[PDB]
Amino acid sequence: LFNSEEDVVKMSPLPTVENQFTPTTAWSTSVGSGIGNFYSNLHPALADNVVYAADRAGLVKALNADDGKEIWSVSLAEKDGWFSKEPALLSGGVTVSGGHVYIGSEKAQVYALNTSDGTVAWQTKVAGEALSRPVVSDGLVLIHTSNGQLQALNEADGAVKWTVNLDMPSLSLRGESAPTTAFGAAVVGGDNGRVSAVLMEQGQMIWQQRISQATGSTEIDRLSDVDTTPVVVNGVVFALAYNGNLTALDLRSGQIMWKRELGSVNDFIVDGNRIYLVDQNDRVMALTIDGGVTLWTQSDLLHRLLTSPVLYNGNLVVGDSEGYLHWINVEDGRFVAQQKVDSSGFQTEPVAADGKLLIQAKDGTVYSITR
Amino acid sequence: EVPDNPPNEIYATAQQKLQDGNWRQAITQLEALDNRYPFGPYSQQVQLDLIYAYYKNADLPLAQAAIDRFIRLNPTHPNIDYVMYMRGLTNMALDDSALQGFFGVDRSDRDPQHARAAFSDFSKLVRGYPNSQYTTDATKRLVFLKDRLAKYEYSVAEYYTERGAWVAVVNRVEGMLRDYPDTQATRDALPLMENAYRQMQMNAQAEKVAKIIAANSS
Amino acid sequence: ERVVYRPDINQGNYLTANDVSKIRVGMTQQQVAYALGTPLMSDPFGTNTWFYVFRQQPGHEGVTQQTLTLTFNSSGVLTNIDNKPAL
Amino acid sequence: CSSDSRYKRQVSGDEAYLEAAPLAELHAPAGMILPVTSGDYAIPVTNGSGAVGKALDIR
Amino acid sequence: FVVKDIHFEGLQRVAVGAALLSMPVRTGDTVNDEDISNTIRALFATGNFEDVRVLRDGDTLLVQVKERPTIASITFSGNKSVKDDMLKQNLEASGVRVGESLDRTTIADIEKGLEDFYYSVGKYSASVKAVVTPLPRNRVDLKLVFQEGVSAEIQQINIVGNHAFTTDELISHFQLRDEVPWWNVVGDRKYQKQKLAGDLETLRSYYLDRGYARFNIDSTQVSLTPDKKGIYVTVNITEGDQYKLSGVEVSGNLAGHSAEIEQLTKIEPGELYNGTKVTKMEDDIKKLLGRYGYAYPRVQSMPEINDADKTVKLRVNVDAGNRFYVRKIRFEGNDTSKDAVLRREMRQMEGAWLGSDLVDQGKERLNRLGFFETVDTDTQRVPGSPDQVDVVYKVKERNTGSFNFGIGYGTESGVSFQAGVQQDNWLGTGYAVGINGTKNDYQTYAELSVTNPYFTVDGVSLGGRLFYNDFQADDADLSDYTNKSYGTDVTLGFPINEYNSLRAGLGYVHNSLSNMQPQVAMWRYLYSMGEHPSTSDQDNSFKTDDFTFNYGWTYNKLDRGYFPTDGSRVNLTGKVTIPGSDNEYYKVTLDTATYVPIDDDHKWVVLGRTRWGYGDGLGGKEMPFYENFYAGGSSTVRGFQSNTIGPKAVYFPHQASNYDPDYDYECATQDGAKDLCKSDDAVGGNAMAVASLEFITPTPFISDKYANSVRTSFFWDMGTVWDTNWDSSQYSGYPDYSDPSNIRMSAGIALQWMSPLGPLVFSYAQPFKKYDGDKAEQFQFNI
């Protein structure tokens, strides 16, 4: 009653919970510390029976992907600077490649924890922390900074290859434009509502396409966590603009194949021809790869902050940042299992790796899920 | 005020409250007449009633705006002889209005700020309408305001004697010189500058004042 | 009368010793007006005399004054450098 | 609730603008005439009267 | 075709002939159907014709139009925190209003700008909905729905490129608040971009005076985090490698004041660099030259930051200007005030050079005026020579008049009244008005206190004060403790400093007493008066005409004469008697007004408000005990009932007061209780030591057009009054009032409401510490 008189606007819950399948967990091994209330694009990785889970608060875990048993644990809570034991404060998600675990920090100081023990098999202070996960690929650590600096490193020491300012809006227009490699070309979206292609070998712009409006004189959405990480099918960039406006366009020239340049889309998979997506309508849709034609759709999850679309246990699986997990029809949009396993909700996305389904919640963090 | 009513009936209700002297209630009609019909035919006459009715209701910030409205409404108009006179009169009421005159206390020592502004409008009347029904009326204010400015200017010239700032004595009376060629307070300010010269040991320059004092003893 | 704390009266519109040596008779008003500017009093009906006169009162300690008037001709060219101390 | 006579409201007003008079023009001898005019303080005197002061009241 | 006539339908604001000018066709001009369509678009280009159908009756045109004009109302719904008008200013920004032409297309773009206002104001989680409601003859209501969820709030700051100062304590230097802790509750923590730009310059000033002079903020980027509230922000700076303040090489138009410059350029060569000191020292020169006449002292520093030895070298370029800038000064805001009141309140004189501080001191006597609402001016350099600055002191004046509360028993039940009225320099005419008194059926008091505060040039405060008390306290008659008392005092003000002025004068007082109480300390005072009365009877009358020399002094370096925030004002007071007085005594007292601003904007101010006083006899005769001190329910120790702190009147076992009121006003009298009885009425001691500790606070729920007229202030009240001559050998079974540890405690909040007749103070104060006769009234409703 002592908070019963104030007033804010409202966003709709999740209707039609259906559980024709039984959903379970694979195990629980929650770090607990993790995202929490503090939003970040950090997300775990899962490889080699190791659930690579952690926090930006400092602790690094190696959970055994049978039970989530702690294999090793180190901590990147920083022992020095202006104070001992200051939290890790990580920008990007967990990249695990080779004998290295890479996470970009918000200190712009990046590491390579040797995956077998978590010992920093090399570190590197970099120039500007990332709006993306550190894209460690092809000898290089591809970085889209907070400043939008295309920085490539060497993934054995962090030997910085270049630093190139990208498509840059006014403020930190918060979107993971991860610099992807498509056929030796650095391919990235853009938080300025536009898209670009760059030579991955030296940092040389293949093309840059102005695509969609961003905030400033045409104000667009700040609830859609747009995947400005491009998912290019070999010659056609399939990616989101910073407003979520969709276009299909050539990899090699940027020439528009088709568009749904109307979007508020958050997360997407280009699944074959049937493009599964997350709106900020929070309505699921299967779009087509040749014209974004709705093959099927589902608005059963309106005003839910959902996670990424994944296919697991033969069903389209999606969780939310509320703790609800949903086994969508792979076809038209029916919950075949629905799982409320968390109250903290899942900010990271489902990693359908090691035969499992890894999601890290905000504070009920690591819930490995099966059915 | 008034609902969306017949405008002449609103105007006649206003016209009765003109004859009522119900300036609190006439403007209640006169606004809602022009709140719905400012393009109406007597709505410009409503403003010419309103400048009268504001001043009758002592509504000077409204009498401010309505004149400046009629500046923008009718920059040419025959009734600007009414307007430019009342613009000084609005300033005349705006400058000095206290109840200390009922106690028999002067207000010419108070600021002639709008009295300066009225001194414009009254002179802007008799330049703009030198043949008006208000021309000698404003000129009688222009007679009256000028010495009221001078009695103000004499009062501020007094203190510099009492301060002893004889430099500030001279230039204030020099302002009283260039403004007023006839005011008696300037003739009362006349020997004090001669004192100020003799208090600045400029007695020879003060002797020039004495000959004008000789030329203006009576 | 027996008051001693008398808050001090001061006044400018005057010149210092360099300013007296900075000018000379035959200078124009403008020649003064470049180096010394205007006085804060001139001659309003007689021939132009440029009044740079110091005034000051020390509290129950007398009076302080440096009087300096500068008559030009009708061409505004210097004819007089009057220097005068206090009373 | 109704009150009545003996001074419900205050009264004020004056013809003070009429009560002034144009004052004594200052003569100065030769060599001592200085200017005495500045803008509207040299008033533009024009005639054509109308009723003066509150003797004239219009709409 | 050619048009015979144009059927001018549908105007609703616009004149027909002006619309005929908008029509390319004009009543006999040649008509083609393209010009008909040109007549269509031009009425659309008029911006008032919601439909245009220029048609024709064969060749004569017939224009059918629907009208955009006057919006008859624009009604706002849901603007809880945001002002109607600033929302309406966006309509005025978009050129629409009540009475304007409504294009029904112009809803969403302005609605965008309303949400783009919601964008800029600190939210984005707030949407709008303009609703059109058609009103008579073409008109429309613009109903406006506002769907205000919540603003965006500051969440986190990321700072990189900083290497020597911790990010969180840097935020603590900033106003970028994102915390109200659970065991530390402070003000709130929302967002504004103006906080960001300023606290950048807090950081810009931060590394500056450390020594970092190649310090530079590289960039900063605020997170457009997809939640409408998430404010994280990257800050990119360059630390910039602290430099040693190694030397100043000032020159320029030094105007012969070069030595005076050099004390202002006293630095330590090689100390860590302080550009704020440079920022300060430039102003000091501009104050140095500002007092030397140079009104435009152009001072251009150039720190030659020598990174080769990690130092910095201060070039400073000086252009002083002319000297005798002060030609004259002007004043405005005098339309009720006296010009000589204004003109006497200056120190920088016309016809002089600039002493800039005398202007500010001349502003400070205007600050210490208290009969103002704004202190301001216009220091206009009159064009031409640099000797013509005419300083136009426009100021805002203040109000006047005040009335004392509390009047009468009944309405026509015997004419009794309590009064008091102050006309506040008699409307600022130079005639300080303080008038009070009361006529009752038990006592009658009269008083005047008039002052020409500047009767002559020395601050001469012609303070004439008279009183007359026909005081009887008639219980049945004058038999019960009458003291008629009457007399006068003329007092003056004196030139002491420019912030100090003395108070001195001579007080006449004649008293006339009849048959006062069996209080033994009264009898003891009478025995100290060498008078030998009857103690068991109130039968002793007395006439005394004392002749006293009063004295005092004022200090004044506190902010405002009416609404101060900072400084102090010391108020010396007191009296002594003379040879010729009917009683030989003294009394000294002083109370303070001290302002300790918690805020450096001085919006929170600790108030130092204490009271000190002591009086005793000069020898032989003693101080009268009506000249004692009293407290509680009173001046700023209150929340009690009135004057309920002090010693008590222990009554003699008494017989005859010449009438006891017969089981009323019993004084251990013939009507029973014939024994020594200590009173509960605090008759006060010969020493005063009390105080109150008060705290200026605003209230964030009041409109600040008149919240600034209001001083809300909590307090704590404490102290005691007690008599240094109290000898508890006689008060052996009674308390001692030679004790300074009789200290009470009351606390509460004071509420200054500026009414049109001056401020109005009302308060509630609970004493949680009480003693003998500390009678209570916690709610205090005063003037």
# chains A, B, ... in the order shown; residues from 1 in each chain; ligands from 1
call {"tool": "residues_around", "arguments": {"residues": "stretch 742-752 of chain E", "least_positions_apart": "3", "cutoff": "8 Å", "atoms": "only C-alpha atoms", "output": "JSON list (two decimals) with N, CA and C atoms, in the first residue's frame"}}
result
[["chain", "number", "residue", "atom", "x", "y", "z"],
["E", 637, "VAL", "N", 12.95, 31.32, 20.47],
["E", 637, "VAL", "CA", 12.66, 30.19, 21.35],
["E", 637, "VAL", "C", 11.15, 30.17, 21.61],
["E", 638, "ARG", "N", 10.46, 29.21, 21.00],
["E", 638, "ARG", "CA", 9.00, 29.18, 21.02],
["E", 638, "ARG", "C", 8.52, 27.77, 20.75],
["E", 639, "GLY", "N", 7.20, 27.60, 20.75],
["E", 639, "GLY", "CA", 6.58, 26.29, 20.75],
["E", 639, "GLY", "C", 6.07, 26.03, 22.14],
["E", 640, "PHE", "N", 6.49, 26.90, 23.05],
["E", 640, "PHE", "CA", 5.94, 26.99, 24.39],
["E", 640, "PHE", "C", 4.74, 27.92, 24.35],
["E", 710, "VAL", "N", 9.19, 32.55, -0.04],
["E", 710, "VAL", "CA", 8.86, 31.74, 1.12],
["E", 710, "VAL", "C", 10.14, 31.17, 1.72],
["E", 711, "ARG", "N", 10.29, 31.33, 3.03],
["E", 711, "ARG", "CA", 11.37, 30.67, 3.76],
["E", 711, "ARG", "C", 10.78, 29.62, 4.68],
["E", 712, "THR", "N", 10.87, 28.37, 4.26],
["E", 712, "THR", "CA", 10.60, 27.23, 5.12],
["E", 712, "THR", "C", 11.88, 26.88, 5.86],
["E", 713, "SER", "N", 11.76, 26.72, 7.18],
["E", 713, "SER", "CA", 12.95, 26.54, 7.98],
["E", 713, "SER", "C", 12.65, 25.72, 9.22],
["E", 714, "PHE", "N", 13.29, 24.56, 9.32],
["E", 714, "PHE", "CA", 13.27, 23.82, 10.57],
["E", 714, "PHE", "C", 14.10, 24.56, 11.60],
["E", 715, "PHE", "N", 13.93, 24.18, 12.86],
["E", 715, "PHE", "CA", 14.76, 24.78, 13.89],
["E", 715, "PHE", "C", 14.92, 23.84, 15.06],
["E", 716, "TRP", "N", 15.81, 24.22, 15.96],
["E", 716, "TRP", "CA", 15.83, 23.73, 17.33],
["E", 716, "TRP", "C", 15.98, 24.95, 18.22],
["E", 717, "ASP", "N", 15.09, 25.07, 19.20],
["E", 717, "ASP", "CA", 15.11, 26.15, 20.16],
["E", 717, "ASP", "C", 15.59, 25.61, 21.50],
["E", 718, "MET", "N", 16.41, 26.39, 22.20],
["E", 718, "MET", "CA", 16.94, 25.92, 23.47],
["E", 718, "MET", "C", 17.37, 27.12, 24.30],
["E", 719, "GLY", "N", 17.58, 26.87, 25.59],
["E", 719, "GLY", "CA", 18.19, 27.87, 26.43],
["E", 719, "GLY", "C", 17.41, 28.04, 27.72],
["E", 720, "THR", "N", 17.87, 29.01, 28.51],
["E", 720, "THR", "CA", 17.18, 29.38, 29.73],
["E", 720, "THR", "C", 17.37, 30.85, 30.03],
["E", 721, "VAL", "N", 16.49, 31.37, 30.87],
["E", 721, "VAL", "CA", 16.70, 32.65, 31.54],
["E", 721, "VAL", "C", 16.77, 32.35, 33.03],
["E", 722, "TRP", "N", 17.66, 33.05, 33.73],
["E", 722, "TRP", "CA", 17.92, 32.76, 35.12],
["E", 722, "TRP", "C", 18.63, 33.99, 35.69],
["E", 737, "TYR", "N", 17.69, 29.64, 40.42],
["E", 737, "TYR", "CA", 17.77, 30.31, 39.14],
["E", 737, "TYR", "C", 18.99, 31.21, 39.04],
["E", 739, "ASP", "N", 21.27, 29.36, 37.95],
["E", 739, "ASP", "CA", 21.73, 28.20, 37.19],
["E", 739, "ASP", "C", 21.58, 28.44, 35.70],
["E", 759, "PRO", "N", 5.59, 39.36, 5.05],
["E", 759, "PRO", "CA", 5.62, 37.91, 5.28],
["E", 759, "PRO", "C", 4.76, 37.51, 6.47],
["E", 760, "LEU", "N", 4.30, 36.26, 6.44],
["E", 760, "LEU", "CA", 3.47, 35.70, 7.51],
["E", 760, "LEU", "C", 4.10, 34.39, 7.97],
["E", 761, "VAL", "N", 4.45, 34.33, 9.25],
["E", 761, "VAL", "CA", 5.13, 33.17, 9.81],
["E", 761, "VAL", "C", 4.15, 32.39, 10.68],
["E", 762, "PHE", "N", 4.08, 31.08, 10.44],
["E", 762, "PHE", "CA", 3.32, 30.16, 11.26],
["E", 762, "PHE", "C", 4.17, 28.92, 11.50],
["E", 763, "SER", "N", 4.05, 28.34, 12.70],
["E", 763, "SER", "CA", 4.98, 27.28, 13.06],
["E", 763, "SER", "C", 4.34, 26.31, 14.04],
["E", 764, "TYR", "N", 4.85, 25.09, 14.02],
["E", 764, "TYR", "CA", 4.57, 24.08, 15.03],
["E", 764, "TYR", "C", 5.89, 23.66, 15.65],
["E", 765, "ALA", "N", 5.94, 23.61, 16.97],
["E", 765, "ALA", "CA", 7.19, 23.27, 17.64],
["E", 765, "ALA", "C", 6.90, 22.54, 18.93],
["E", 766, "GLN", "N", 7.41, 21.32, 19.03],
["E", 766, "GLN", "CA", 7.21, 20.48, 20.21],
["E", 766, "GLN", "C", 8.39, 20.60, 21.15],
["E", 767, "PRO", "N", 8.21, 21.17, 22.34],
["E", 767, "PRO", "CA", 9.27, 21.11, 23.34],
["E", 767, "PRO", "C", 9.34, 19.73, 23.96],
["E", 768, "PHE", "N", 10.50, 19.09, 23.85],
["E", 768, "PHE", "CA", 10.69, 17.78, 24.44],
["E", 768, "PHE", "C", 11.64, 17.93, 25.63],
["E", 769, "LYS", "N", 11.70, 19.14, 26.18],
["E", 769, "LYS", "CA", 12.51, 19.40, 27.36],
["E", 769, "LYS", "C", 11.98, 20.62, 28.09],
["E", 770, "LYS", "N", 11.45, 20.41, 29.29],
["E", 770, "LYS", "CA", 10.71, 21.45, 29.99],
["E", 770, "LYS", "C", 11.13, 21.47, 31.45],
["E", 771, "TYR", "N", 10.79, 22.58, 32.09],
["E", 771, "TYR", "CA", 11.19, 22.88, 33.46],
["E", 771, "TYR", "C", 10.00, 23.53, 34.14]]
call {"tool": "select_by_dssp", "arguments": {"residues": "chain C", "states": "strand (DSSP E)", "output": "VMD selection string"}}
result
chain C and resid 9 to 11 49 to 51 54 to 57 64 to 71 82 to 84
call {"tool": "closest_residue", "arguments": {"among": "D:15, D:9, D:54, D:49", "to": "chain B", "atoms": "only C-alpha atoms"}}
result
D:49
call {"tool": "interface_residues", "arguments": {"of": "chain A", "to": "chain E", "cutoff": "7 Å", "atoms": "only C-alpha atoms", "output": "list in words"}}
result
residues 8, 9, 82, 107, 171, 172, 173, 174, 222, 223, 224 and 225 of chain A
call {"tool": "residues_around", "arguments": {"residues": "residue E:377", "least_positions_apart": "2", "cutoff": "12 Å", "atoms": "only C-alpha atoms", "output": "PyMOL selection string"}}
result
chain E and resi 329-333+359-360+362-363+366+374-375+379-380+390-396
